[PDB]
């Protein structure tokens, strides 16, 4: 049981490569307000296709849980979980059964276990801005963006000591301690969103109109480059874009729609 998860994690790392393409988005659902996030747990056991869904970016503490991806498309059946604190932004992630989010109007990260419904850890992000200071271009208190890739848990934010440029920190999923930190050269307020695939942070140019990935920072070498990978902004406003390594897709909240993007990675 434990060796299977160790093996699948190794297989994912072996199939890693540079982002070369983003296919056309599929519309999974039309629901919610203009802003929000949705996601699945890439470390979910066999079965367990539960979709987690958080509407809005402010003073909403209710998380919806859908049974599966198909029940998320066609039905409105769900159970609601009340978080002890409201989240800020749409930067939450669900990882190995716990939801990680930014506490409302703070730089505090909270790990909340979804089965027993209890706070497991609370830790402030050192020098991270908050309260619409280093938001993504679309605003909405998106100062801190937590995400998961083939390597584990990550925090994307910005600090005053870095002139408001994006900072990447690898997090420990249990202690929430910063294991390593990279200073990028990209202003977080000028990015429309960001996502990490295989240790590489990809940053988009904006949130409306003709969007593209145009900056990549490689953490394995602390190098960066400007690129041009366009993707279709089907409903013209994107407020959430995150990669899921289990199904190699970007999850997006797009102007009151929930959409999915297949990605292409380089494989010799």
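Numbering follows the first chain given and starts at 1.
Got a sec? Mean C-alpha B-factor, which is higher, 250 to 258 or 17 to 25? Averaging CA B-factors over each stretch, the winner is 17 to 25.
So 238 to 246 or 50 to 58, which one's hotter by mean CA B-factor in the entry? Looking at the record's C-alpha B-factors, the answer is 50 to 58.
Which listed residue, 77, 165, 92, 169, has the largest C-alpha temperature factor in the record? By C-alpha B-factor in the record, 77 ranks first.
Per the PDB entry, maximal CA B factor within 42, 206, 36, 199: Each of 42, 206, 36, 199 was compared by C-alpha B-factor; the highest is 42.
Chain-relative CA temperature factor third for residue 195: It belongs to the lowest third of the chain when residues are ordered by C-alpha B-factor.
Per the entry's values, where does residue 143 land by CA temperature factor relative to the rest of its chain, in the lowest, middle or highest third? It falls in the bottom third of the chain.
Third of the chain's Cα B-factor distribution that residue 107 belongs to, per the entry: Its C-alpha B-factor, which the entry lists for residue 107, ranks in the highest third among residues of this chain.
For the chain shown, is the CA B-factor of residue 101 in the lowest, middle or highest third of its modelled residues? Ranked within chain, residue 101 CA B lands in the lowest tercile.
Of the three thirds of its chain by CA temperature factor, lowest, middle or highest, which one includes residue 137? CA B-factor rank for residue 137: lowest third.
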